[PDB]
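Read the numbers this way: they start at 1 and go in the same order the structure lists the ligands and their atoms. Atoms considered below: every heavy atom in the structure, side chains included; atoms not considered: hydrogens, waters and symmetry mates. Position 1 is the first residue of the sequence; numbering continues from there.
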Amino acid sequence: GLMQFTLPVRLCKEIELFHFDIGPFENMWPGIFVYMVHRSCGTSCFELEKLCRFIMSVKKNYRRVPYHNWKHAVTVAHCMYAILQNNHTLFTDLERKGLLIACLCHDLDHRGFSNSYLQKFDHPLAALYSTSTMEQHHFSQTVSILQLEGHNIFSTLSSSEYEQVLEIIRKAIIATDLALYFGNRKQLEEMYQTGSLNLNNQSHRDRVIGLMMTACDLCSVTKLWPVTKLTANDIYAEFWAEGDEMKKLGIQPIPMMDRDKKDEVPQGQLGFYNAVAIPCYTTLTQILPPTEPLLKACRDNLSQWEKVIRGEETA
Ligand SMILES: CC[C@H]1C(C)=NN=C(c2ccc(OC)c(OC)c2)c2cc(OC)c(OC)cc21
Ligand SMILES: [Mg+2]
Ligand SMILES: [Zn+2]
């Protein structure tokens with residue numbers, strides 16, 4: 001109860017900034033997450049003992065893949081923390097609790113392969129879940145871990161508060177399916193521009209939480225250039241492994257995933273910043289003005305990728 005987590009001074013100050021990098025010391029990431037829960041939520045949200053047992057079971061159920069790993073989980077949670085702390089009064093107690101947990105869990109038991117690859121491989125999960133295949137799995141894994149003995153971090157909630165938070169978490173994890181992002185953001189753009197956006201409308205809240213989840217999930221593009229550039233290496237290491245698996249099924253992969261087309265990466269990143277990242281952080285900045293540093297950092301990295309293309313710097 002009287003047991004604060006504290007961080008060294010540099011981390012204590014930088015963890016509040018959107019562009020914070022959680023660092024290479026894996027053993028500090030649980031501490032960093034608890035620190036964020038405590039400041040975002042309160043020291044009373046969760047029994048420390050239950051929280052710690054939940055964090056470590058979640059960690060254990062992330063795999064040793066190049067990108068979709070435990071470090072991505074904590075990184076995506078830190079971006080949500082940054083959004084929540086810069087928008088203090090907009091979110092309920094339940095939303096603050098559920099969203100940091102949703103981000104920590106959003107890619108549970110990821111294998112480093114897209115929904116598309118599971119569908120073409122004919123993976124059992126593709127028979128169980130026809131759309132948002134991995135995301136329905138991530139939510140399945142979350143509920144599993146919540147139900148292990150000593151792991152119910154929500155035990156103090158009422159029967160119906162408990163249902164509301166698992167419903168926040170489910171929608172938040174499903175929204176990390178980038179195929180759903182495009183329509184979600186179009187709708188939010190129209191609602192905001194015609195003045196119909198209403199944060200008291202639960203179905204509007206839901207859409208706005210989806211957009212945050214996309215923003216937090218993509219936050220690699222919102223770091224300082226050396227972090228952004230080195231992360232893009234992990235990201236493409238998975239894409240090219242999936243590409244190789246596509247070729248093993250006798251399917252030319254899309255160029256993104258083809259390691260024979262490394263030269264096209266800088267132009268691929270341009271498309272991604274223009275078609276996905278900039279639009280995402282633009283609409284997010286329109287709905288939540290204090291998230292503008294995410295849009296500013298994204299724009300800076302687009303400019304760094306333009307420089308890579310003009311040979312004014314090598315990756
Ligand atoms: C969460 C988004 C993230 C990811 C881990 N996976 N999927 C795509 C993607 C996007 C759009 C797509 O539509 C073209 C797509 O095709 C299935 C795939 C992706 C592509 C990137 O660069 C190309 C990228 O660079 C930072 C980051 C991502
Ligand atoms: Mg995912
Ligand atoms: Zn993710």
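Looking at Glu190 and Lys186, no side-chain N of the basic residue comes within less than 4.0 Å of a carboxylate O on the acidic one, giving no salt bridge. Under the 4.0 Å criterion applied to side-chain N and carboxylate O atoms, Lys248 and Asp244 are not assigned as salt-bridge partners.
Contact annotation for atom 23 (C) of ligand 1: protein present (non-hydrogen atoms, distance under 4.0 Å). Of the protein's heavy atoms, none falls inside 4.0 Å of atom 13 (O) of ligand 1.
Nearest non-hydrogen protein atom to atom 15 (C) of ligand 1 is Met256 CE, 3.7 Å. Scanning the protein heavy atoms around atom 20 (C) of ligand 1, the nearest turns out to be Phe272 CD1, 3.6 Å. Residue, atom and distance of the protein heavy atom nearest to atom 11 (C) of ligand 1 are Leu178 CD2, 3.9 Å. Looking at atom 17 (C) of ligand 1, its nearest protein heavy atom turns out to be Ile254 CD1, 4.6 Å. The closest protein non-hydrogen atom to atom 4 (C) of ligand 1 is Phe239 CZ, 4.0 Å.
Using a 4.0 Å cut-off between heavy atoms, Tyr273 makes no contact with ligand 1 at all.
At a cut-off of 3.5 Å, with distance as the only test, no side-chain donor of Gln193 or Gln286 sits close to an acceptor on the other residue. Side-chain contact of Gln304 with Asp300: a donor-acceptor pair under 3.5 Å is absent, judged by distance alone. For the residue pair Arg39 and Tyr81, a side-chain donor N or O sits within less than 3.5 Å of a side-chain acceptor on the partner.
Ring geometry for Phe121 against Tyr117 counts as tilted: the plane angle lies between 30° and 60°, on a 0 to 90° scale. A parallel orientation is assigned to the rings of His68 and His110, their planes being inclined by less than 30° (bins at 30° and 60°).
For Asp217 (side chain) and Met213 (main-chain N/O), no donor-acceptor pair under 3.5 Å exists by modelled atom type.
In terms of polar-atom proximity, defined here as any N/O pair under 3.5 Å, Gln269 does make such a contact with ligand 1.
The nearest N/O/S atom of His106 to the Zn ion (ligand 3) is NE2. Within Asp107, the N, O or S atom lying nearest to the Mg ion (ligand 2) carries the name OD1. Take the N/O/S atoms of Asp107: the one nearest the Zn ion (ligand 3) is OD2. The atom of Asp217 that is an N, O or S and sits closest to the Zn ion (ligand 3) is OD1.
With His106 as the fixed residue, the side-chain hydrogen bond (donor to acceptor under 3.5 Å, both in side chains) test singles out one of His72, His138, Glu135: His72.
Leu146 has its side chain within reach of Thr142: a pair of non-hydrogen atoms, C-beta onward, lies under 4.5 Å apart. Contact check for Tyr236 versus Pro66: no side-chain heavy atoms found under the 4.5 Å cut-off.
Heavy-atom proximity to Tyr236, at under 4.0 Å, picks out these atoms of ligand 1: 22 (O), 23 (C).
When the options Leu218, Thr231, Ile235 are ranked by their closest heavy atom to atom 2 (C) of ligand 1, first place goes to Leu218.
At a threshold of 2.8 Å, the Zn ion (ligand 3) has no backbone or side-chain N, O or S atom of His110 nearer than that distance. Among the atoms of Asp217, none of the N, O or S atoms falls under 2.8 Å from the Mg ion (ligand 2).
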